Structures are given as structure tokens and as C-alpha cells.
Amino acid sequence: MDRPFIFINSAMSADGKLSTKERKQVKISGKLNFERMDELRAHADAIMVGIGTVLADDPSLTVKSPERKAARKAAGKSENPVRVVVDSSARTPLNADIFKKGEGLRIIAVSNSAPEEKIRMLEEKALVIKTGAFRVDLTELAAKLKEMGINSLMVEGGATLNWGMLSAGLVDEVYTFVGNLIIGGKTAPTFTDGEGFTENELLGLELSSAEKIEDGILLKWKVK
């Protein structure tokens, strides 16, 4: 029933895009936003992304700063928080950078439809948690993560995973770094894609703060 505190942290263009229409990564934020993001990763118990992000960008999801890594190690944690990939069909690449870089637990959340041959390969490098039929049951995942010690879960995104989490009612707060650019594109991934809310189910927020950082602005929203 219970779950971690859950927050989304992403960087988007002034027009709401996470990457181009080609699904390519571009420069949205500068060094100061990257330092803020590294502070969040250091204090989070776990970081989560979707399979889409893993296949597109192959991110390591590591804490970068030696001092943050040491501070975590000093308090008895792994240098990196737990790293979780949401991945229905067990397609996380075996040579993904998440497995190559750094210490810490990796968790692949898969669906019960996932092929067992792919799951066994993945289990060599990670804990595999199975939920749902053809897609991951994010509520059940969130309960299992909470059970195993995670009280703080940072969702860094994916346009579709952000939708999954917000529409399941699992999210406490939304952090959006808004960068000084227009990306454009009907098919460019946005801060929240997926199915979308109809007019009678819009998710209300409350603006907690707005802080200029370098050339953009960090908006923090509490979810209602």
C-alpha cells in the first residue's frame, strides 16, 4: 500500500520538450542545474527512468561529484543511489552504461509477460522485480521499493514514464528546469506524454517556488 516520497526532476525547453523530434538529446541546462541534479541524486535513495530513456541516451545515472560520493559512503550508503529501469519486456541492454559505471544496486522492473531468457541474463547484473501483465504496475513497484528500504525516489523521466507516474497518482512533487530555448515539434517528447488527461481529470498543482538559475528557471510544483 505505501510508497517512497516520489519526485520528478527534468529539464525542458521553454516550449515543454525534453529532446528533439528525432528524440535526440540537446543542451537545455548549464553547469549549475547539473550541480543541483547531482545534489538530488546524492540525497535520493533511488533514481528511476524508463526503458525509452535508456535506449535513447544510455545514461549511467551516477553521482558525479567525488565529494558527494564520499559523503554518501561516509554515512554508510553506496556511492550511487539505487538505479531502477522501468522495462516491460526486459529489453534493457546488457552492455548499458548503467551496468558499466560505478557501484550500487541496479533494479530492472519488468512485466510478467517478459521473456524468462532475457530476465535470467539481466539477473546476473541486477535484481529483477516482476509486476503487471504487459506493462509494469507502477503502484506495486513503488510498494516493493518502499519495502526494501527506499524512502526517496527521484523519477528523472522519460516523457511516457512521467505520464505513468503522474496518472497513477504516485507523485508528490514536480521539478521542472525550464531552459532558454525552443525545440519545437509535434513528435518531440514533452515533459508528460502518454495518453493524456481529459478535460474532467486534469491534475492540479500548487507552485511551491521559482528560482532563476544561470540562463533558465527552476519551477517546483506540489501535486494535488
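The first residue of the shown sequence is 1; numbering continues from there.
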{"query": "Mean C-alpha B-factor comparison - 179-187 and 57-65, higher one", "finding": "57-65"}
{"query": "Stretch exceeding the other in mean C-alpha B-factor - 83-91, 69-77", "finding": "69-77"}
{"query": "Peak C-alpha temperature factor (PDB record), options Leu32, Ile51, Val155, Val171", "finding": "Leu32"}
{"query": "Residue with highest C-alpha B-factor in the PDB entry, from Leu138, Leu122, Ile107, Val110", "finding": "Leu122"}
{"query": "Third of the chain, ranked by Cα B-factor, where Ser208 sits", "finding": "highest"}
{"query": "Record-listed C-alpha B factor of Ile129: chain third", "finding": "middle"}
{"query": "Ranked against its chain, the third holding the CA B-factor of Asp215", "finding": "middle"}
{"query": "Modelled-residue ranking by C-alpha temperature factor, third containing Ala46", "finding": "middle"}
{"query": "Chain thirds of CA B-factor: placement of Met1", "finding": "highest"}
